[PDB]
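As structure tokens, the structure follows; a few thoughts come after it.
Counting neighbours? That spans all protein chains shown, and the Cβs are built from the backbone with ideal geometry, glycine included. The numbers here are math on the coordinates, done by the rules we state, and not lab data.
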Amino acid sequence: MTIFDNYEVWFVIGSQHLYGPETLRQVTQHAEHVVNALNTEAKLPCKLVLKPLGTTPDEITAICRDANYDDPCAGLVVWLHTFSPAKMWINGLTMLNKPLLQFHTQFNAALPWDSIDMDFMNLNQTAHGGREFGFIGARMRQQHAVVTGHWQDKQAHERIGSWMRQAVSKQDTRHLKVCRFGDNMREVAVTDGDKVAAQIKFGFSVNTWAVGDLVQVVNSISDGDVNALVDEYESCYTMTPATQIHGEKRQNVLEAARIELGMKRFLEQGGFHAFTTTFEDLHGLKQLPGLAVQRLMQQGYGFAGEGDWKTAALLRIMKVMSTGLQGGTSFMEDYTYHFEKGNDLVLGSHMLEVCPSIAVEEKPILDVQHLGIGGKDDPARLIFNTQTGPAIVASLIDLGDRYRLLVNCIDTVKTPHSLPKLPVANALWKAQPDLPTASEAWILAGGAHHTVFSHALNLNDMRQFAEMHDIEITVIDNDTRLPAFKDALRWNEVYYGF
Amino acid sequence: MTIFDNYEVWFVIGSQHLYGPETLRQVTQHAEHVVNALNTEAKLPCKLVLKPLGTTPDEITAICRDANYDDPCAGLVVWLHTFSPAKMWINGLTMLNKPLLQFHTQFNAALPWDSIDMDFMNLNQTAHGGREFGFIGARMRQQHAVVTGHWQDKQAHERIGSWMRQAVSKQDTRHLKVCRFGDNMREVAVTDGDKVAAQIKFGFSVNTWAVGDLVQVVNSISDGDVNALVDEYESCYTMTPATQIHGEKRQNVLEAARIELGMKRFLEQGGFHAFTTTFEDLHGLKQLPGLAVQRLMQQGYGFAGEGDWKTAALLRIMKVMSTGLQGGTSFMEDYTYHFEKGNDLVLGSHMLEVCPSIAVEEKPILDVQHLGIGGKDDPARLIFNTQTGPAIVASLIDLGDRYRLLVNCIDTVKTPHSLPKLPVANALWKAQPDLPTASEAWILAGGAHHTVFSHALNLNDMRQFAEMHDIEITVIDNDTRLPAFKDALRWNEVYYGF
Amino acid sequence: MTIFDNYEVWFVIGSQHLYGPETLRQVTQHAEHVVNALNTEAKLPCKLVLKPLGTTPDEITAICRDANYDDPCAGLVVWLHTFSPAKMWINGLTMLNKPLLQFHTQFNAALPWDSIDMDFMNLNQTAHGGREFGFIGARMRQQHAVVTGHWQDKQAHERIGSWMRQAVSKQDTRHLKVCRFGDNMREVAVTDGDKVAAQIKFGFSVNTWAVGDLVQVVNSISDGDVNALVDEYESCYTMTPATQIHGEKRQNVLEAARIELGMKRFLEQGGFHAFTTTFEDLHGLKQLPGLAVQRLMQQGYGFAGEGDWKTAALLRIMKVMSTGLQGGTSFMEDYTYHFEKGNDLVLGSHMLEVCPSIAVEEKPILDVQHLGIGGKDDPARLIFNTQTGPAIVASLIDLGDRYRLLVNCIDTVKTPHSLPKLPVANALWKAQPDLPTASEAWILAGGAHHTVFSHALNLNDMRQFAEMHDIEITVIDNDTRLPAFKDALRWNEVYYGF
């Protein structure tokens, strides 16, 4: 059902062939226990596969070599059970293109004070075997996450799982394809950048199909398929008068449905996971994609406005990252502010394309469209309010020589009064320290008007993402002060400038 | 007539106000003498304007301040007639946005052995004044050029003017706009890159207009204007049978003409200096621009193949750069090779778009057109051979964190046999160390299949260009040997890495 | 027979799916033809295996994933028959742990002037395809080798063959295991270093077994096996009076034979490819291994003196690298100098251990003399002179933070007089530029007394070895002038440090 089902994390036990046939018989026993117990009762993002024992250099190397080849292998989890001379792991860890997590754990939870003896110690001694291995990861300067705790520790399952979540995100993105329909909005900087660099670093691809190629597909959709989707609109949304049968903008709705169906067929047949649109190039289309883009976002496709491939891929990444979690995740742009002592708010939205995934209700579908921008018909769109609660906004920017991920922790809030004249959906939030510091820190630290908004993911998730891809995370939240913030920008600039 | 006539170089004399009103009266005399003589008899790319004497700090700052503000000022050439203490220049030089050359010259050629005294020595002491000014330039790591010689020395004139050329090239590029008709060829790397970086570094802009916008201007061109251009095709070119009036592909000639006029009206109204096309987006166009692009390249515009804005911008830069010189500057792609002991040759061409400024003859305008690529009607193009003699091929590439300019010296040669079946123009050359070494260095050293070919400019011009923009020049010529070539790549990597 | 024959180089063809089922048929035809002919008629170090066409991104990534997994795959030679957009290669080149060479070739040698057309040019377009691929290697800063030439050019074969040698070399060294009997000689800096850094960098393993473990195996070898080897000694060497039956040191010949068998059985059962010994620790051994090490060197094992694992390894690597070539390859030490005008010579030798692979005649085998260093009985050894001709002397040293490969081009020479009182085998050469400059340069550039001498290999092989492992090559040859030599040492220091 889920794309987590297409991945596994390998459970690899580290130790040494020089123990004994019986001793190693005992460690597999524990391993088979803990792994089964975790798969059944730990509710982890995906499955753990116990691999044979990593005892000798050639076997550890063999595990890594298989791990690289196996496309369902999203990373390794190594339990350092006994004492596994890090030198065996060298050759393996050198070749290994898949992430690693050391689970620094212990079979028993309490120390058996009265029955502890050398034949115990000579089995289960992760306390120092774990540390020897920690060194070689540090010495080689490899990522290597670390989680400590007993294997039944619910808090440890939580940390282990979020790591698996990132490990899976990492693999998927290697195959993530973005389709652009036209180029960037002219004279814009932040949405521009080096697609080659992005593919090298993250693995996602970005290529552009001419709006006309889309238009051909849009124009081939049958009137029946068109009408069928409008029946699903009628059942999913609250149709305004102009929207219903006999309404003045009834045709503008069918045209929207058509476009959505053309964009769907196009993306499915091209195998794409995200896309962009541009209002400066819609020759052949009746209206700018609105409703269409909203529903596709909800169905899982990433998207960003004016040719903005970075955000579009980021949306898809974070959408996949959020699978099985409760929360929304949308393309988002800061539209305007409300200045008021103690209640500085940011209204978020876009031209049209906001994802219903973050909504509360059942969404009105209107046109009231006269969208002057683009020079087209009145586009259909979903209008709605955004759910209340803790959220994050993230932006990935290209600084030229490296990437930086800015994430601002925010809190969404109910609109204080209705919004009758606003023909687009809205999100409304209080930005973390406070608006001035939040905005100033965001502006100082580069980084853009386009973001991904998410109720599902949090600061902890984005920190792991940044580490997993070795990029600077710039954090804006309740603990942000600008002097420290500025210093961190500088000190990171020399660090990541290497 | 020339765009060199909208620019001038400022002749600034350095001295110090402590010499005497009459010593200063004599340096001005020399300066007026020198400057007048050079404008009259040195045949320099553009005019020298003698500014007032730079004797105090405020005076020198004022001159730099003016130089910045004056759009026609392409740079300064400074003569240090006497000692002009360098601190006086610090504030002027810290704000100076224009490039600078020290003309390390003297009024007298010969030393007047029998008359020389302190009077003569307090006047004209460039021998040491020029060295004090060198210090400050080097101390501030500013890219100051130096030419040493007597002011009448015709070799100095040459090098002085060669500099003035790059100065003017530098200013024009700050206003160079590129129009892209669609995006990069999909999946292609070299043609891609950071348009923001390029604008920051070189000052030229790259933005994309929808083929639709062009298509609109192509369709509005009137029949009379179309047939008028076909009257100049018939007068300029040798028309193949299919090209003439009752010919089977007369229609395809008229359609090329209209594409040309549409492209020219669009480019003129947009104020553009170079442009690109992409065969993966020709919706609304009858045929891929061939003839049209070739005549626009001859008329001055930069152009490159598959949304390749760097090479297109480069073509325009090098065209402008080559004004008043031996001409022959074109878009080029290395098409195929000829392997034979002591005669390894490269055939250069492209799909269609080869500029006729490098032609010998006066060229056939054929259709024999089946161009499968792009999937449009049969293109009109110009077939011709390239002139014999020394040339260069240049490629500017984005290494992500910086740019590299590759230049290969070459020698074009008349084809040994006719090319009756090849429906495109052709260059044919010997690459200068030899083909294997020249191709291996080019491959090793980044940088691509698209190039700017030129008879009119040489390696020393490109060297100054690279100096002027502070970028690596990777040189491939008769003196190239691979081990040392590779070492330079390494050592330059760390140098230009900060 | 060779260990080259357990390795294969993959012939990987770049193209693109958009060309057509028939165009792609023709490239596979050329491919089958090229590869087939090279396997038959090119005499390459090992076999080329043609992989399926690399046409789409997922196919190219598959090929790299497979390439990594397959133990016999030693590298890839890629021919970009057609333009093959390099972004398709990114995800694969990112994971590719195996070395790559672009063979910039063409199916035809001569341009078919009278028949060449778009058809021919749709197919066969390496001239541009190879350059786009060149870019991506250079942008990703990967080591991609390149050879340009028609595929029947015999010099291209030579150069491509040379690359494969290094490819096969690199894989074999990944499995190379060194066995140390004792630790490094006390207070020596050269032979000491980080064995982990080495394993990380090169993949060979160094681990010390105690001499008591070797002494056990030596003591367990039966008398009949010992005598069986003394038969093979009598038939291979010229035995001195004291060596022959009834000779005063006949029992010393048996004790060497018994030690030779003790080490060979120990090395076989351990799976070792190279080893070291130390005279400060020979407890339980009747004599220092002398003839035993020389014959094992001949038989292909790596070896250096007092716990010098780096050189021992290097011997094995360079012996394996040289398989099928004509030349010696011996462990060596710079024993003494001859100082004369125009006849400055260096006598090479060691305590005992000099490899008979570099000898001329059939060697005398003596226990001629009393080795008074850290031990007991007079050891047996092989006395001989070295071949004449061009050679190289090399050494890998560890500068703490990185490795450096010193290579001095030399010329061996017949000994101008007999050597009747020297009981060790000797080499004698005239070091390039000259003895004062070569020895200074060698001392200035870190490295040490222990070296690998080799007639078989040359400077070109060592240059390719250094690139393959991204280490500094420090070359000392006729072209070496010291100021420039010091300069490079500096400029490399900053390049490789960081």
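For residue C:51, give me every one of the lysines with a C-alpha distance below 17 angstrom, ignoring sequence neighbours fewer than eight places off in its own chain.
The reachable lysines, counting only those whose Cα sits under 17 Å from residue C:51, are C:98.
If I fit a long axis through the Cα atoms of helix A:86-95 and take the longest principal axis of the Cα atoms of chain A, what angle between them do I get, 0 to 90°, rounded to 10?
Tilt relative to chain A: about 30 degrees.
Given the rotation that superposes chain C on chain A, what residue of C brings its beta carbon nearest the axis, and what is the distance in Å?
C:69, 2
Taking neighbour Cβ counts within 10 Å as the exposure measure, how do A:322, C:15, C:439 sort from fewest upward? Write down the numbers at each step before the final one.
Details: A:322 20, C:15 25, C:439 17.
Neighbour counts put them in this order, fewest first: C:439, A:322, C:15.
Among C:47/C:170; C:249/C:319; C:170/C:319, which pairs are too far apart, with a Cα-Cα distance over 22 Å?
C:249/C:319
Please compute, for peptide A:181-189, the average count of beta-carbon atoms on other protein chains lying within 10 Å of each residue's beta-carbon.
On the way: counts 0, 7, 11, 5, 2, 7, 3, 3, 5.
For peptide A:181-189, the averaged partner shielding equals 5.
For residue B:418 and residue B:250, FRET efficiency with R0 = 25 Å and r from the beta-carbon atoms, rounded to 0.05?
0.45
Take every DSSP beta bridge whose two residues both sit in the range B:176-498, then give the antiparallel share in percent to the nearest 5.
60 percent
With a cut-off of 14 Å, note down the residues of the range A:251-274 whose backbone N falls inside the zone around a label point 7 Å from the Cα of residue A:236 toward its beta carbon.
Under cut-off, by backbone N: A:254, A:256-265.
Output the direction-averaged projected area (hull surface divided by four) of the convex hull of the alpha-carbon atoms of the range B:1-175, in nm².
So the mean shadow area of the Cα hull is 10.0 nm².
Is the protein assembly as shown best put as rounded, prolate or oblate by its Cα gyration tensor, with a ≥ b ≥ c the root eigenvalues, rounded for a/c under 1.5, and otherwise prolate when a/b is larger than b/c, oblate when not?
Judged from the Cα gyration tensor, the protein assembly as shown comes out oblate (a/c at least 1.5, b/c at or above a/b).
On a straight-distance basis, which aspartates and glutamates could pair with residue C:421 in a cross-link, Cα separation under 16 angstrom, same-chain partners fewer than 8 positions away excluded?
By straight Cα distance, residue C:421 reaches C:367, C:378.
Please compute the average number of Cβ atoms from other chains found within 10 Å of each residue's Cβ in peptide A:210-218.
3
Would you order C:69, B:337, C:237 from fewest to most other beta-carbon atoms within 10 Å of each residue's own beta-carbon?
Going from sparsest to densest Cβ surroundings: C:69, C:237, B:337.
Other chains' Cβ within 10 Å of B:433-439 residues: what's the mean?
If you average over the peptide's residues, the count of other-chain Cβ atoms is 4.
Check cross-link reach from residue C:87 to the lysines: straight Cα distance under 16 Å, and skip same-chain residues fewer than eight apart.
Qualifying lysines at Cα under 16 Å: A:177, A:195, A:201.
Evaluate E = 1/(1 + (r/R0)^6) for residue C:71 and residue A:18, where r is the Cβ-Cβ distance and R0 equals 22 Å; express this FRET efficiency to the nearest 0.05.
0.25
In Å, what Rg and Dmax follow from the Cα atoms of chain A?
Using the Cα atoms of chain A, the pair Rg, Dmax is 25.7, 86 Å.
Sequence-distant or interchain residues sharing an amide H contact under 5 Å with residue B:303, placed H: which?
Amide H neighbours of residue B:303: B:275, B:315, B:316.
Relative to the other copies, what are the label-point distances for residue A:326, with labels 7 Å from Cα along the C-beta vector, expressed in nm at one decimal and sorted shortest first?
Between copies, matching label points for residue A:326 lie 7.9, 8.2 nm apart.
How far apart, in nm, are two points set 7 Å out from the Cα along the Cα-to-Cβ line at residue C:97 and at residue A:58?
Once both label points are built, they end up 1.6 nm from each other.
Amide H to amide H, which residues 5 or more places from residue A:8 or on other chains are under 5 Å from it, using H placed in the peptide plane?
Those lying under 5 Å, H to H, from residue A:8 are A:73, A:74.
So what J values fall out for the range A:204-211 if you push phi through Karplus, 6.51 cos²θ - 1.76 cosθ + 1.60 with θ = phi - 60°, rounded to Hz, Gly and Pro as x?
Result, rounded to whole Hz: 6, 10, 9, 9, 10, 9, 5, 2.
Could you give the length gained on full extension between residue A:128 and residue A:150, defined as 0.36 nm per residue of separation minus the Cα-Cα distance, in nm?
Full-extension gain reported as 6.4 nm.
Would you mind checking which residues have amide H under 5 Å from residue B:308's amide H? H placed 1.01 Å from N; only 5 or more apart, or other chain.
Result for residue B:308 returns B:277.
Could you give me the ³J(HN,Hα) list for the range A:178-188, computed from phi with Karplus coefficients 6.51, -1.76, 1.60 and θ = phi - 60°, whole Hz, x at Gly and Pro?
Taking θ as phi minus 60°, the curve returns 9, 9, 9, 9, x, 9, 4, 3, 4, 6, 9 Hz for the range A:178-188.
I need A:163, A:10 ordered by Cβ neighbour count within 10 Å, fewest first. Don't skip to the answer; put the middle values down first.
Numbers: A:163 25, A:10 22.
Starting with the residue having the fewest Cβ neighbours, the order is A:10, A:163.
In nm to one decimal, list the spacings between the residue C:56 label point and its equivalents in the other copies, with label points set 7 Å along Cα to Cβ, shortest first.
For residue C:56, the inter-copy label distances come out at 4.1, 7.7 nm.
Shortest first, in nm, what separates the label point of residue B:41 from those of the same position in the other copies (7 Å along Cα→Cβ)?
6.9, 10.3
With θ set to phi - 60° and the Karplus curve 6.51 cos²θ - 1.76 cosθ + 1.60, what are the ³J(HN,Hα) couplings of the range C:292-309 in order, to the nearest whole Hz, using x for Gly and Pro?
4, 5, 5, 6, 5, 4, 4, 6, x, 5, x, 6, 9, x, 3, x, 9, 5
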